[PDB]
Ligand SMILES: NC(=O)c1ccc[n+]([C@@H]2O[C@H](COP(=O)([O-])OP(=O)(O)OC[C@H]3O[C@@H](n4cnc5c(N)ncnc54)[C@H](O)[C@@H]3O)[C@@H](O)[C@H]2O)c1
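First, one chain by itself in structure tokens, the form solved without nicotinamide-adenine-dinucleotide (NAD).
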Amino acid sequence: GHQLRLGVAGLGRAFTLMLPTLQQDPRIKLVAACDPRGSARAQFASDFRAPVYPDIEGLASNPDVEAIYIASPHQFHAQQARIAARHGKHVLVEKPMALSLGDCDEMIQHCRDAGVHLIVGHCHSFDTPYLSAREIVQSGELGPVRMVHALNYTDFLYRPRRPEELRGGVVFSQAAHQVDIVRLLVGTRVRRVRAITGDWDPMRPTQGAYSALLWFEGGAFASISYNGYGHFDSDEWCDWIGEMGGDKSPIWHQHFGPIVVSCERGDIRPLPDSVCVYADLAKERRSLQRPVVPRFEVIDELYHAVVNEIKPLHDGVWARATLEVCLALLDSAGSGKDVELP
């Protein structure tokens, strides 16, 4: 009702990254969890004094639950969503939505049939610096976007796996964030993608880096780069604030690396603690407000979806489009060809 009664499916990393949000936002009440391993069930039931269950069917059958946060691994998203929706519970799914586009269509459809909302999980595109810059672009103040430059040098490939674990892989975890932000900011449709991947650690044999070109409806283009072999660290170019808002010399907004938005009449630079605008007149650090609850913008989007029926932006149709770009990206780097999108 006033307080949103929320179930959590899958008590892993995604969940522990989200947990400070769920604890601190007074709109949220955590009522019920499920997870296959009892060690974790015993752990949630302890801390929250709340019914835990082996599976989704247990969690969705509880009538106190209003919505479920699906934080399990992706091969399980489509199945878990279908179930939640069957039992009429709204769905916030961590990224990526799913593995395949068919999976996504099924998800969007099952959620329509139940008349419940489908919002895709935490995504860096929810972060308010980017939300703020989207507003500048919409306001027309600087004309349309013509070019976007995005890069991010992380150590994602060599982060110790956490106890809660449960099993996100540069293109499916990291590229989704990036693509998502560029889509948010430009605000038109991706028409063509061309990408190169790098894979140069034999010990750790995955695609740990890429560079890509992205073509947009209306003539803007974007260049996106990512490296996760953890040498150079691009936070240095974001006022030394971390992905989760901490200081790296009272925390700040979440962000996902240096991004420069080139519009007709100026450049926009989103920071965790401001938005820099470079224009024909002057150059400005436009102030932002310290977030009182981390990732509150995810909860706003859910809370206004459920309580006030306001269409959420990061919906299933949206999340799906990102997946498409990520698939196209991976396909382009795999063949040696451009990929055109419908």
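Throughout, we count residues from 1 along the sequence that is shown.
The same protein also has a form solved in complex with nicotinamide-adenine-dinucleotide (NAD), omitted here; what follows describes it.
Site status: blocked, since nicotinamide-adenine-dinucleotide (NAD), placed by superposing the C-alphas around its site in the deposited complex, has 3 or more atoms within 2.4 Å of backbone or C-beta atoms. Checking 265-273, 87-95, 199-207, 217-225 against nicotinamide-adenine-dinucleotide (NAD) in the deposited complex, the stretch whose residues place heavy atoms within 4.5 Å of it is 87-95. For the three marked residues, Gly10, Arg13 and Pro36, a heavy atom of each sits within 4.5 Å of nicotinamide-adenine-dinucleotide (NAD) in the deposited complex. Of the heavy atoms in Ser125, none are within 4.5 Å of nicotinamide-adenine-dinucleotide (NAD) in the deposited complex.
nicotinamide-adenine-dinucleotide (NAD) is not drawn, but in the deposited complex it has a heavy atom within 4.5 Å of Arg295. Although the partner is absent here, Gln80 is a contact residue: one of its heavy atoms lies within 4.5 angstroms of nicotinamide-adenine-dinucleotide (NAD) in the deposited complex. Proximity of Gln178 to nicotinamide-adenine-dinucleotide (NAD) in the deposited complex: non-hydrogen atoms within 4.5 Å are absent; the residue sits far from the partner.
Proximity to nicotinamide-adenine-dinucleotide (NAD) in the deposited complex, taken as a non-hydrogen atom within 4.5 angstroms, holds for one residue of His74, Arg134, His117, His110, which is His74. Checking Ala321, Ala333, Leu17, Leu327 against nicotinamide-adenine-dinucleotide (NAD) in the deposited complex, a heavy atom within 4.5 Å turns up for just one residue: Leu17.
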